[PDB]
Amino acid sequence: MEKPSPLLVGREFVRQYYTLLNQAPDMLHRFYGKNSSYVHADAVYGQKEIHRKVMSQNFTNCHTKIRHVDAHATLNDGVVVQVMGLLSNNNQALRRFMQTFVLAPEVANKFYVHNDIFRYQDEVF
């Protein structure tokens, strides 16, 4: 109990991530570093290339409803997060999705996104 709970870290990151996704997706890049991987399909790496991928997807009035968040301590003082929720982009029907994050220490209890893996359900089943 010498650091905030992984659940607090994970849940507040998810809050800020999907808020930024709706309000300024061109700012999402601040979460990523050199080693970061973004999957949303083939992976892209690094802030510049991740930013380019994010802006390619045209997140327009993206609205998210989080239905559950699991967040646990993982190796090397990281936090692994699994998000289940619904997402509406461009005012279309909400679609169920998975999102897996691995948060790595960036500082004092500060984290950056090392892995970001998103997948819609309907595309899979």
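Numbers follow the displayed sequence, beginning with 1. If you superpose the two forms and keep the largest set of C-alpha atoms that fall within 1.5 Å, you have the rigid core.
Novice: Could you say which moves further from this form in 7 other deposited structures of this protein, stretch 107 to 115 or stretch 6 to 14, by root mean square CA distance after aligning on the core?
Specialist: Comparing 6 to 14 with 107 to 115, the one that moves more in 7 other deposited structures of this protein is 107 to 115.
Novice: Fitting on the core, do the C-alphas of 41 to 49 or of 95 to 103 deviate more in 7 other deposited structures of this protein?
Specialist: With the rigid core fitted, 41 to 49 is the stretch that strays more in 7 other deposited structures of this protein.
Novice: Between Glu106 and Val107, how many residues of the deposited sequence have no coordinates in this entry: none, 1 to 3, 4 to 9, or 10 or more?
Specialist: 1 to 3 residues lack coordinates between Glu106 and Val107.
Novice: Is there a break between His40 and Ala41, and how many deposited residues does it span: none, 1 to 3, 4 to 9, or 10 or more?
Specialist: Per the deposited record, the segment joining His40 and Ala41 lacks coordinates for 4 to 9 residues.
Novice: As stated in the PDB record, which stretch has the larger average Cα B-factor, 7 to 15 or 21 to 29?
Specialist: The entry gives the higher C-alpha B-factor average to 21 to 29.
Novice: Identify the stretch, either 70 to 78 or 51 to 59, whose C-alpha atoms have the larger mean B-factor according to the entry.
Specialist: Taking the mean C-alpha B-factor of 70 to 78 and of 51 to 59, the larger value falls to 51 to 59.
Novice: Could you look up the Cα B-factor of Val83 in the entry and say which third of the chain it sits in: lowest, middle or highest?
Specialist: As the PDB entry reports it, the C-alpha B-factor of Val83 lands in the lowest third of its chain.
Novice: Among all modelled residues of this chain, ranked by Cα B factor, put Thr100 in the bottom, middle or top third, i.e. lowest, middle or highest.
Specialist: Lowest third, going by the recorded CA B-factors of the chain.
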